[PDB]
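Report on one structure; see the data block that follows.
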Amino acid sequence: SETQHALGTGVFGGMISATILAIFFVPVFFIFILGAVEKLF
Amino acid sequence: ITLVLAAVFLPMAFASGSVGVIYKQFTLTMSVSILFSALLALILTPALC
Amino acid sequence: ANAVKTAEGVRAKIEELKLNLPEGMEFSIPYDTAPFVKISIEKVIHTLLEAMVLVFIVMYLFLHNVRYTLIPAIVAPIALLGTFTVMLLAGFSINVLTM
Amino acid sequence: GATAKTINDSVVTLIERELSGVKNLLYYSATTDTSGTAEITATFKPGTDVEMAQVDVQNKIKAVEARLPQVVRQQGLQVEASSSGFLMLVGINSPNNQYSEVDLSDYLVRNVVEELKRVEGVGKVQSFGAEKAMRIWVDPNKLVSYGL
Amino acid sequence: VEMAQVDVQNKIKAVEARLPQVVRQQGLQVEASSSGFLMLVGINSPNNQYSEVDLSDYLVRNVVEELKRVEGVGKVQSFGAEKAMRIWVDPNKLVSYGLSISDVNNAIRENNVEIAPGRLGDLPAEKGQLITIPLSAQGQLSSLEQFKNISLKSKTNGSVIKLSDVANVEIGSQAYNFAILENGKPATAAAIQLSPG
Amino acid sequence: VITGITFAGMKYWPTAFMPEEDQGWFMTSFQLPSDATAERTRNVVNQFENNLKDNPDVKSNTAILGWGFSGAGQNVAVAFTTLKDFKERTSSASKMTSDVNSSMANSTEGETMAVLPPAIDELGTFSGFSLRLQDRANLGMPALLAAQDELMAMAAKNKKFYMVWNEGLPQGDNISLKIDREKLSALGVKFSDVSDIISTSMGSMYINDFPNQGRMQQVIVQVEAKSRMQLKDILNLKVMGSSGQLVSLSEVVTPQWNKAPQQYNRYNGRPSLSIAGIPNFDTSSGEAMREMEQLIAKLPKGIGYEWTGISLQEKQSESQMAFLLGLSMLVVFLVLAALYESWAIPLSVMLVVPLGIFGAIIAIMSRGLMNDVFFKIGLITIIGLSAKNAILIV
Amino acid sequence: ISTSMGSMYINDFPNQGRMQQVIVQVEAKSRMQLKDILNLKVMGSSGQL
């Protein structure tokens, strides 16, 4: 069980975090990163 | 997506030590399976759909 | 060398040795490591099957149609089958880590 | 015919002196015990082939053969590859005790060991038993009394 | 190089027993060619306080092993001679006592012989033994003086004579054939080779 | 702030190499003092068998008397104990090893230590950490043992170490006869005469081979058992003399008792002693290694240490993880830039990885599993998956 | 002749932990001229050199 547990726990948590947060953060990241270059112009 | 996912595991396969051997198996399996799945998605699934 | 094949061969040879064993003697295998290997690979394969079933269930729930979930589900077996050929060509083997 | 300290002073140090050159070496250790045998172990980088390592070790340990004392050189230095782990243990036991332990060990040694060795994948078979031999126990008092 | 060296090693094994006993005593030294010469380490003594043998024996004991710890250093070859016990027998004095060199050799063999260590309590052991311990003894000469006290038995008078009586005992280079002089003074030299990669 | 907090989450959580596994067997190593005979080892092994007799969770346990890892002699033994299938079993091998250790610590004639199977195929002969204590200043063989004793004394109190021991044969005592040359010379007996009686006093001599049922079998001769037990037999050996009166060794040799190490071990060319230990529960292997490194820092100058076996691989894997992660991130960034013909698009995708890292770290913290190789593989996989969502959007 | 004019190696002895060689030969002063070599004698059957 332990060998499976170690492999599964990290990926489970990471996928949950990168799913729930990403859908809400990626838009902001893209908008502000592109606005940086927009301001530079 | 396929290229990004495949590229990620390549650097770790080249690590040294026993952990490098441990990483080589995962790199091979995951990268080759991902490439095969992308090939299938590009070829077979359009025909089935 | 492989422990599974070696253990199987040793047991097979003991099968022959038993015929000529003088009465009053008894062969024995006090310490064996063969079970745990096959047990581990079989368990990981069972977990593979369970994961396949679970991904099929989630795809069926989201697509709502048997054919729609069938179209992606078939992909995994073919990818794994090609991966096995690539492993054989590359000289690697089947083990718990690969599984 | 030597003590562990003398073995360490004479053979072990000289042998380990030349292990440094071997390609792909990782670490080298040595053990000298009161039993009478000196054992050196050399570990290579993971993934290195054992076959080339063995020949390299043999060739680079020849250098001390002349430097080593006469008895060691004439006896010989044995180079091998051992995993150090047992997967199977076979055995013979007599619940009725009709056949004694010595006879059991002799039967294991005479037939079982070679038959297991011929089975492919059996690198080594350590038999914790001894084949029979003529055993002569001399009484020193009797010999000195008769002058022998 | 490894394949050829192992091949020649295996081939020369056959006649190892057909060479002269004296030749076999020294032992054949097979060695692959050396590529990767870095430098040499030379202990020269301008004051002539030490000779070649002493400098070689200092370098081997203290610096040869010490230098190998350098990362990237593969092997070291020592040019020089290692000390050994020499017994320069006076022939006239041997004639006086009616002894020969063979007698001296036999005395050296007899007096300097190793003793096989044992173990008290070693199995087999009679029931009731609770202690086991190694037991050892020394029978090898180990110093200049003790080698001088090696007993020799005279014939004409039957007296026991030290070995110094009919010989001079010292320590010198095992082989006197070659010599090395740096700036006109004794010297010894160690050469360095790479480790692979 | 999320990135900042996950940074420390990676940095500070303990680390290990491989999860421990229950494989249905364990090893018990019996070590008696250097004065022990076969009977005492047999007695301790019998008591061990007595303890393991009454537990239905054990199939059988085999003991090799006279053989053991890290040394072979009359005072060593190794017992292989195998357990019944998992379903019938109600206790893991760890609990049984703890029970055996406690029972043997209660009353035995020596040190006996129950160890789980090694995790990797051949990385050591047990589970835990192995260390080589070397003498790096030529302090002396006697002083190295004193330093080792100091290390055990200071490490016994530590919580992080369940139990730590020396993996090797202990010190002992030896009788070193001193042969007086001029005594023998005056008495007239040849020195070779006194040498050849000691040589054959208690050693084994081989003569030739005889056929037994058509099989060549050696012929071995040895002084009877009764005559090679105590110092009296060797001390009383009689050799004929020139004067006509037999002279025993007692007159011509001197018995001397000395204390010396029985076994000499070297590691990387420098005298050394092996030490083994088990990481205590609630403490990872890496934490135990760090603690023992700090303990070694306190020993006298000239005593150094090195990690051999699984420990060195663990340290190497810990070291190279940062470079592996950096190279993976750079590769993905370059691939994204190449595929999208822009320099700002990839950065948005890359910034998402910390989000997955916060949640991988959180999960491992919540269950409490120590950082290990599988965690690094999971991190590498989540990098790709988060990049795969960010790509889908961008 | 072999031992007197050629070095004859007998055995090993321990010196400072290293095994060194024991070699027997006639003094260099005597092994100087042909006449001196002829002067070397043998143990006799009757005890006369």
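If you're wondering about the labels, chains in the structure tokens are A, B, ... by order shown, residues count from 1 in each chain, ligands from 1 in order shown.
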
- Item | Residues of chain D within 6 Å of chain C, only C-alpha atoms counted, as a PyMOL selection string | chain D and resi 87-94+121

- Message: What's around residue 25 (chain E) at 9 Å? Count only C-alpha atoms, leave out sequence neighbours fewer than 3 positions away in its own chain, and write the answer as a list in words.
- Response: residues 66 and 70 of chain D; 20, 21, 22 and 28 of chain E; 9 of chain G

- Task: Considering only C-alpha atoms, extract the chain C residues located within 6 Å of chain B and return them as a ChimeraX atom specification.
- Result: /C:79,83,98

- Message: At a cut-off of 8 Å, which residues of chain B touch chain F? Count only C-alpha atoms and give the answer as an MDAnalysis selection string.
- Response: chainID B and resid 1 3:5 7:12 15 17:19 23

Next, write the just-selected residues to a file, as a PDB file, in the first residue's frame, keeping N, CA, C and O atoms as the atom set.
ATOM      1  N   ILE B   1       0.112  20.027 -26.619  1.00  0.00           N
ATOM      2  CA  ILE B   1       0.018  19.332 -25.340  1.00  0.00           C
ATOM      3  C   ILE B   1       0.900  18.093 -25.343  1.00  0.00           C
ATOM      4  O   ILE B   1       1.624  17.828 -24.377  1.00  0.00           O
ATOM      5  N   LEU B   3       3.581  17.393 -27.198  1.00  0.00           N
ATOM      6  CA  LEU B   3       4.998  17.735 -27.194  1.00  0.00           C
ATOM      7  C   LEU B   3       5.436  18.236 -25.825  1.00  0.00           C
ATOM      8  O   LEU B   3       6.497  17.842 -25.324  1.00  0.00           O
ATOM      9  N   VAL B   4       4.627  19.091 -25.194  1.00  0.00           N
ATOM     10  CA  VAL B   4       4.986  19.610 -23.878  1.00  0.00           C
ATOM     11  C   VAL B   4       5.080  18.473 -22.869  1.00  0.00           C
ATOM     12  O   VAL B   4       6.060  18.363 -22.125  1.00  0.00           O
ATOM     13  N   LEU B   5       4.073  17.595 -22.843  1.00  0.00           N
ATOM     14  CA  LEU B   5       4.078  16.504 -21.874  1.00  0.00           C
ATOM     15  C   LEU B   5       5.256  15.565 -22.100  1.00  0.00           C
ATOM     16  O   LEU B   5       5.895  15.124 -21.138  1.00  0.00           O
ATOM     17  N   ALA B   7       8.163  16.272 -23.508  1.00  0.00           N
ATOM     18  CA  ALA B   7       9.444  16.918 -23.241  1.00  0.00           C
ATOM     19  C   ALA B   7       9.745  16.977 -21.748  1.00  0.00           C
ATOM     20  O   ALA B   7      10.915  16.991 -21.348  1.00  0.00           O
ATOM     21  N   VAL B   8       8.708  17.013 -20.907  1.00  0.00           N
ATOM     22  CA  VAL B   8       8.923  17.221 -19.476  1.00  0.00           C
ATOM     23  C   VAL B   8       9.741  16.089 -18.871  1.00  0.00           C
ATOM     24  O   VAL B   8      10.670  16.333 -18.093  1.00  0.00           O
ATOM     25  N   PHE B   9       9.414  14.841 -19.207  1.00  0.00           N
ATOM     26  CA  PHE B   9      10.044  13.696 -18.562  1.00  0.00           C
ATOM     27  C   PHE B   9      11.431  13.383 -19.109  1.00  0.00           C
ATOM     28  O   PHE B   9      12.169  12.625 -18.471  1.00  0.00           O
ATOM     29  N   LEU B  10      11.802  13.936 -20.262  1.00  0.00           N
ATOM     30  CA  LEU B  10      13.104  13.615 -20.846  1.00  0.00           C
ATOM     31  C   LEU B  10      14.266  14.046 -19.962  1.00  0.00           C
ATOM     32  O   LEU B  10      15.174  13.228 -19.734  1.00  0.00           O
ATOM     33  N   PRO B  11      14.318  15.278 -19.447  1.00  0.00           N
ATOM     34  CA  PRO B  11      15.489  15.681 -18.648  1.00  0.00           C
ATOM     35  C   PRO B  11      15.783  14.758 -17.481  1.00  0.00           C
ATOM     36  O   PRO B  11      16.958  14.494 -17.193  1.00  0.00           O
ATOM     37  N   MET B  12      14.756  14.258 -16.793  1.00  0.00           N
ATOM     38  CA  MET B  12      14.987  13.458 -15.596  1.00  0.00           C
ATOM     39  C   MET B  12      15.567  12.088 -15.929  1.00  0.00           C
ATOM     40  O   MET B  12      16.266  11.497 -15.098  1.00  0.00           O
ATOM     41  N   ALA B  15      19.405  11.615 -15.428  1.00  0.00           N
ATOM     42  CA  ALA B  15      20.043  11.748 -14.129  1.00  0.00           C
ATOM     43  C   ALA B  15      20.887  10.514 -13.821  1.00  0.00           C
ATOM     44  O   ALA B  15      20.677   9.428 -14.368  1.00  0.00           O
ATOM     45  N   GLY B  17      22.950   7.789 -11.020  1.00  0.00           N
ATOM     46  CA  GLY B  17      22.646   7.013  -9.836  1.00  0.00           C
ATOM     47  C   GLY B  17      21.491   6.055 -10.039  1.00  0.00           C
ATOM     48  O   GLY B  17      20.870   5.972 -11.104  1.00  0.00           O
ATOM     49  N   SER B  18      21.200   5.307  -8.972  1.00  0.00           N
ATOM     50  CA  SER B  18      20.090   4.360  -9.015  1.00  0.00           C
ATOM     51  C   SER B  18      18.768   5.066  -9.276  1.00  0.00           C
ATOM     52  O   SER B  18      17.901   4.529  -9.977  1.00  0.00           O
ATOM     53  N   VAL B  19      18.593   6.264  -8.717  1.00  0.00           N
ATOM     54  CA  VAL B  19      17.368   7.016  -8.959  1.00  0.00           C
ATOM     55  C   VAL B  19      17.235   7.357 -10.435  1.00  0.00           C
ATOM     56  O   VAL B  19      16.120   7.492 -10.951  1.00  0.00           O
ATOM     57  N   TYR B  23      13.988   6.577 -12.648  1.00  0.00           N
ATOM     58  CA  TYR B  23      13.348   7.551 -13.523  1.00  0.00           C
ATOM     59  C   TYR B  23      13.289   7.108 -14.978  1.00  0.00           C
ATOM     60  O   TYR B  23      12.374   7.527 -15.695  1.00  0.00           O
TER      61      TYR B  23
END

- helix (DSSP H, G or I) positions in region 157-354 of chain F, given as a PyMOL selection string: chain F and resi 181-187+191-199+225-228+231-235+249-252+285-297+310-340+345-350+353-354

- Task: Have a look at CA of residue 114 (chain E) and CA of residue 182 (chain F) and let me know their distance in Å, one decimal.
- Result: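 For CA of residue 114 (chain E) relative to CA of residue 182 (chain F), the distance reads 17.8 Å.
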
- Message: Give me, as a PyMOL selection string, the residues of chain D touching chain B, with the criterion being at most 9 Å (counting only C-alpha atoms).
- Response: chain D and resi 45-47

- Task: Write down as a list in words the residues of chain D whose backbone DSSP state falls under strand (DSSP E or B).
- Result: residues 25, 26, 27, 28, 29, 30, 31, 32, 38, 39, 40, 41, 42, 43, 44, 88, 89, 90, 91, 92, 93, 134, 135, 136, 137 and 138 of chain D

Output for the residues just chosen: N, CA, C and O atoms as a short mmCIF file (atom, residue, chain, number, x, y, z; two decimals), in the first residue's frame:
data_model
loop_
_atom_site.label_atom_id
_atom_site.label_comp_id
_atom_site.auth_asym_id
_atom_site.auth_seq_id
_atom_site.Cartn_x
_atom_site.Cartn_y
_atom_site.Cartn_z
N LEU D 25 34.72 3.14 -11.06
CA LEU D 25 34.69 2.81 -9.65
C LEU D 25 33.88 3.85 -8.87
O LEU D 25 33.87 5.04 -9.19
N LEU D 26 33.20 3.37 -7.83
CA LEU D 26 32.46 4.23 -6.91
C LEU D 26 33.05 4.22 -5.51
O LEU D 26 33.38 5.28 -4.98
N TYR D 27 33.11 3.04 -4.90
CA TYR D 27 33.75 2.90 -3.57
C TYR D 27 34.32 1.50 -3.41
O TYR D 27 33.78 0.57 -4.00
N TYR D 28 35.40 1.39 -2.64
CA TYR D 28 36.06 0.08 -2.41
C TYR D 28 36.26 -0.14 -0.91
O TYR D 28 36.82 0.74 -0.24
N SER D 29 35.86 -1.28 -0.42
CA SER D 29 35.98 -1.62 0.99
C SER D 29 36.71 -2.95 1.12
O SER D 29 36.88 -3.68 0.15
N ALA D 30 37.15 -3.25 2.34
CA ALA D 30 37.92 -4.46 2.59
C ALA D 30 37.67 -4.94 4.01
O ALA D 30 37.47 -4.15 4.93
N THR D 31 37.67 -6.26 4.16
CA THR D 31 37.44 -6.91 5.45
C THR D 31 38.50 -7.99 5.65
O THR D 31 38.72 -8.83 4.77
N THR D 32 39.16 -7.95 6.81
CA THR D 32 40.11 -8.97 7.23
C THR D 32 39.62 -9.54 8.56
O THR D 32 39.47 -8.79 9.54
N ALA D 38 40.66 -12.80 3.46
CA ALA D 38 40.54 -11.36 3.24
C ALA D 38 39.67 -11.11 2.01
O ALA D 38 39.92 -11.68 0.94
N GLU D 39 38.66 -10.26 2.17
CA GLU D 39 37.68 -10.02 1.13
C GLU D 39 37.59 -8.53 0.83
O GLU D 39 37.31 -7.73 1.73
N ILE D 40 37.82 -8.16 -0.42
CA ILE D 40 37.72 -6.78 -0.88
C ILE D 40 36.52 -6.68 -1.82
O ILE D 40 36.27 -7.58 -2.62
N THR D 41 35.78 -5.58 -1.71
CA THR D 41 34.62 -5.34 -2.54
C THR D 41 34.79 -4.00 -3.26
O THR D 41 35.21 -3.02 -2.65
N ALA D 42 34.47 -3.99 -4.55
CA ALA D 42 34.54 -2.79 -5.37
C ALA D 42 33.18 -2.54 -5.99
O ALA D 42 32.59 -3.46 -6.57
N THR D 43 32.69 -1.31 -5.88
CA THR D 43 31.38 -0.93 -6.38
C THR D 43 31.52 0.08 -7.50
O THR D 43 32.25 1.07 -7.37
N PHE D 44 30.82 -0.17 -8.60
CA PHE D 44 30.91 0.65 -9.80
C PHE D 44 29.65 1.49 -9.97
O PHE D 44 28.65 1.30 -9.28
N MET D 88 16.40 -18.23 -2.85
CA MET D 88 15.86 -19.53 -2.46
C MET D 88 16.85 -20.24 -1.54
O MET D 88 18.07 -20.14 -1.70
N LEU D 89 16.29 -20.95 -0.56
CA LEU D 89 17.05 -21.86 0.28
C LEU D 89 16.39 -23.23 0.21
O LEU D 89 15.22 -23.38 0.55
N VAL D 90 17.15 -24.22 -0.25
CA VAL D 90 16.68 -25.59 -0.32
C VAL D 90 17.29 -26.34 0.84
O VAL D 90 18.29 -25.91 1.42
N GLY D 91 16.68 -27.46 1.21
CA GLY D 91 17.26 -28.24 2.29
C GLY D 91 16.72 -29.64 2.35
O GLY D 91 15.69 -29.97 1.76
N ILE D 92 17.44 -30.47 3.10
CA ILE D 92 17.06 -31.85 3.36
C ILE D 92 17.01 -32.01 4.88
O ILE D 92 17.94 -31.58 5.59
N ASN D 93 15.93 -32.60 5.37
CA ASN D 93 15.74 -32.87 6.79
C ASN D 93 15.17 -34.27 6.95
O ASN D 93 14.43 -34.75 6.09
N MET D 134 38.28 -38.92 5.53
CA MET D 134 38.89 -39.76 6.58
C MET D 134 39.24 -38.78 7.70
O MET D 134 39.92 -37.78 7.39
N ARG D 135 38.84 -39.03 8.93
CA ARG D 135 39.27 -38.10 10.00
C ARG D 135 40.22 -38.85 10.93
O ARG D 135 39.81 -39.87 11.51
N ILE D 136 41.44 -38.36 11.06
CA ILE D 136 42.45 -39.02 11.93
C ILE D 136 42.75 -38.08 13.10
O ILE D 136 43.20 -36.95 12.84
N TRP D 137 42.48 -38.50 14.32
CA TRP D 137 42.78 -37.69 15.50
C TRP D 137 43.97 -38.32 16.22
O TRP D 137 43.87 -39.44 16.73
N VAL D 138 45.08 -37.60 16.24
CA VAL D 138 46.31 -38.09 16.85
C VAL D 138 46.36 -37.65 18.31
O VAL D 138 46.01 -36.51 18.64
#

- Which one is closest to chain D: E:115, E:59, E:15, E:81? Count only C-alpha atoms.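 Looking at the shortest contact to chain D, the residue is E:115.
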
- Query: Excluding same-chain residues fewer than 6 positions from region 34-41 of chain A, what lies within 10 Å of it counting only C-alpha atoms, as an NGL selection string?
  - Reply: (:A and (28)) or (:F and (344-345 or 347-348))

Quick one: contact table of chain F to chain C, 9 Å max, nearest atom pair and distance in Å to one decimal per residue, counting only C-alpha atoms, chain and number order, as JSON lines?
{"residue": "F:23", "atom": "CA", "partner": "C:36", "partner_atom": "CA", "distance": 6.7}
{"residue": "F:24", "atom": "CA", "partner": "C:36", "partner_atom": "CA", "distance": 8.2}
{"residue": "F:25", "atom": "CA", "partner": "C:31", "partner_atom": "CA", "distance": 8.7}
{"residue": "F:59", "atom": "CA", "partner": "C:30", "partner_atom": "CA", "distance": 8.8}
{"residue": "F:60", "atom": "CA", "partner": "C:30", "partner_atom": "CA", "distance": 6.7}
{"residue": "F:61", "atom": "CA", "partner": "C:30", "partner_atom": "CA", "distance": 7.2}
{"residue": "F:62", "atom": "CA", "partner": "C:30", "partner_atom": "CA", "distance": 6.5}
{"residue": "F:80", "atom": "CA", "partner": "C:31", "partner_atom": "CA", "distance": 7.2}
{"residue": "F:81", "atom": "CA", "partner": "C:31", "partner_atom": "CA", "distance": 7.9}
{"residue": "F:82", "atom": "CA", "partner": "C:31", "partner_atom": "CA", "distance": 6.9}

- Message: Could you list, as a PyMOL selection string, every residue within 12 Å of residue 15 (chain G), counting only C-alpha atoms and ignoring same-chain residues fewer than 6 positions away?
- Response: (chain D and resi 6+9-10) or (chain E and resi 57+82-85+140-144+147+171) or (chain G and resi 21-22)

Emit the selected residues as a PDB file, in the first residue's frame, including N, CA and C atoms.
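Output (part.pdb):
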ATOM      1  N   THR D   6      48.439  -9.426  10.371  1.00  0.00           N
ATOM      2  CA  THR D   6      49.471  -9.645   9.363  1.00  0.00           C
ATOM      3  C   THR D   6      48.875  -9.671   7.961  1.00  0.00           C
ATOM      4  N   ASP D   9      48.211  -6.133   6.967  1.00  0.00           N
ATOM      5  CA  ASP D   9      49.451  -5.429   6.660  1.00  0.00           C
ATOM      6  C   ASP D   9      50.009  -5.846   5.305  1.00  0.00           C
ATOM      7  N   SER D  10      49.913  -7.133   4.968  1.00  0.00           N
ATOM      8  CA  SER D  10      50.619  -7.661   3.807  1.00  0.00           C
ATOM      9  C   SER D  10      49.795  -7.608   2.525  1.00  0.00           C
TER      10      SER D  10
ATOM     11  N   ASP E  57      61.969   4.411  -0.063  1.00  0.00           N
ATOM     12  CA  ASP E  57      61.167   3.792   1.022  1.00  0.00           C
ATOM     13  C   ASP E  57      60.324   4.873   1.692  1.00  0.00           C
ATOM     14  N   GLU E  82      63.557  -0.912  -3.252  1.00  0.00           N
ATOM     15  CA  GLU E  82      63.018  -1.152  -1.920  1.00  0.00           C
ATOM     16  C   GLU E  82      64.048  -1.902  -1.086  1.00  0.00           C
ATOM     17  N   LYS E  83      64.184  -1.504   0.152  1.00  0.00           N
ATOM     18  CA  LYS E  83      65.182  -2.131   1.039  1.00  0.00           C
ATOM     19  C   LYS E  83      64.932  -3.628   1.149  1.00  0.00           C
ATOM     20  N   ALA E  84      65.950  -4.407   1.401  1.00  0.00           N
ATOM     21  CA  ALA E  84      65.896  -5.838   1.654  1.00  0.00           C
ATOM     22  C   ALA E  84      67.128  -6.240   2.451  1.00  0.00           C
ATOM     23  N   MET E  85      66.998  -7.319   3.220  1.00  0.00           N
ATOM     24  CA  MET E  85      68.096  -7.779   4.058  1.00  0.00           C
ATOM     25  C   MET E  85      69.144  -8.484   3.206  1.00  0.00           C
ATOM     26  N   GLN E 140      59.642 -15.433  12.897  1.00  0.00           N
ATOM     27  CA  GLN E 140      60.322 -14.780  11.789  1.00  0.00           C
ATOM     28  C   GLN E 140      61.232 -13.680  12.319  1.00  0.00           C
ATOM     29  N   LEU E 141      62.464 -13.648  11.819  1.00  0.00           N
ATOM     30  CA  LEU E 141      63.373 -12.561  12.142  1.00  0.00           C
ATOM     31  C   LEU E 141      62.815 -11.254  11.594  1.00  0.00           C
ATOM     32  N   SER E 142      62.968 -10.170  12.360  1.00  0.00           N
ATOM     33  CA  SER E 142      62.311  -8.912  12.023  1.00  0.00           C
ATOM     34  C   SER E 142      63.190  -7.682  12.219  1.00  0.00           C
ATOM     35  N   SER E 143      64.471  -7.848  12.543  1.00  0.00           N
ATOM     36  CA  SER E 143      65.351  -6.704  12.738  1.00  0.00           C
ATOM     37  C   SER E 143      66.786  -7.096  12.416  1.00  0.00           C
ATOM     38  N   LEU E 144      67.613  -6.071  12.199  1.00  0.00           N
ATOM     39  CA  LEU E 144      69.007  -6.300  11.832  1.00  0.00           C
ATOM     40  C   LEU E 144      69.736  -7.098  12.907  1.00  0.00           C
ATOM     41  N   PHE E 147      68.594 -10.782  13.102  1.00  0.00           N
ATOM     42  CA  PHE E 147      69.196 -11.521  11.964  1.00  0.00           C
ATOM     43  C   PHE E 147      70.679 -11.753  12.276  1.00  0.00           C
ATOM     44  N   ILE E 171      71.130  -3.909   5.365  1.00  0.00           N
ATOM     45  CA  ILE E 171      69.916  -3.679   4.592  1.00  0.00           C
ATOM     46  C   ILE E 171      70.285  -2.798   3.408  1.00  0.00           C
TER      47      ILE E 171
ATOM     48  N   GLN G  21      62.751  -8.894   1.440  1.00  0.00           N
ATOM     49  CA  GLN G  21      63.424 -10.085   0.938  1.00  0.00           C
ATOM     50  C   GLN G  21      64.706 -10.337   1.723  1.00  0.00           C
ATOM     51  N   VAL G  22      65.068 -11.609   1.877  1.00  0.00           N
ATOM     52  CA  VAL G  22      66.359 -11.988   2.443  1.00  0.00           C
ATOM     53  C   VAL G  22      67.208 -12.582   1.326  1.00  0.00           C
TER      54      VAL G  22
END

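The interface of chain A with chain F at 6 Å, considering only C-alpha atoms, consists of residues 3, 7, 9, 10, 11, 13, 14, 17, 18, 29 and 30 of chain A.
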
- Check every residue of chain G for an atom within 8 Å of chain D, counting only C-alpha atoms, and provide those that qualify as a PyMOL selection string. chain G and resi 12+17-19
